[PDB]
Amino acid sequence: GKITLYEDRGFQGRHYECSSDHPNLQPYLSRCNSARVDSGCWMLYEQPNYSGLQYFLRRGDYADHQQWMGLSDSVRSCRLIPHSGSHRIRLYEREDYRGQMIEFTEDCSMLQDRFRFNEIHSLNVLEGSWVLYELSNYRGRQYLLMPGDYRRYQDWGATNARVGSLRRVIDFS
């Protein structure tokens, strides 16, 4: 799809349009305080090369970085998350796909209501892309998951295994 990132709030100031992954927005955008997501699902990153804090944006209007739960106006790379028509993920109690496992094909806002573990230590993203959230109801630190193996929580960019919720990356329109 396409996303337009603006240096000032309210879709004001200098801006830059992306249609694909961009690993270093720094020459083209000195800060980001609003965004318009016309189409697609996007992950914004605080640092270049898809690192630092992550923020999931779907289509729609974001007049402040707080509306994507952004903690600062730093946005220095972004990913266009490939569309998927189906979603399936396996979440594991322990590293390397060991221990008890819970499987999802739908969103889960309250992981601890379905799984009696505060942590997920590995997971397997069989179908579609997801966003994993530190806290229930899609809050806290966010980690983009794309199809593939995640043998350790460090493989999704986390410094611990805390998980409270997870959502499918779906374009709503």
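Numbers for residues come from their place in the sequence shown, where the first is 1.
When 31-39 is weighed against 137-145, 31-39 comes out higher, by mean CA B-factor as recorded in the entry.
For the pair 53-61 and 117-125, the record assigns the higher mean C-alpha temperature factor to 53-61. Across the options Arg98, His87, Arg90, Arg76, the residue with the most elevated CA B-factor in the record is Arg98. When the C-alpha B-factors of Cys18, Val163, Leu25, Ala158 are read from the PDB record, the largest value belongs to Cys18. Sort the chain's modelled residues by C-alpha temperature factor and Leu132 lands in the lowest third, per the entry. The entry lists a Cα temperature factor for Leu5 that places it in the middle third of the chain's modelled residues.
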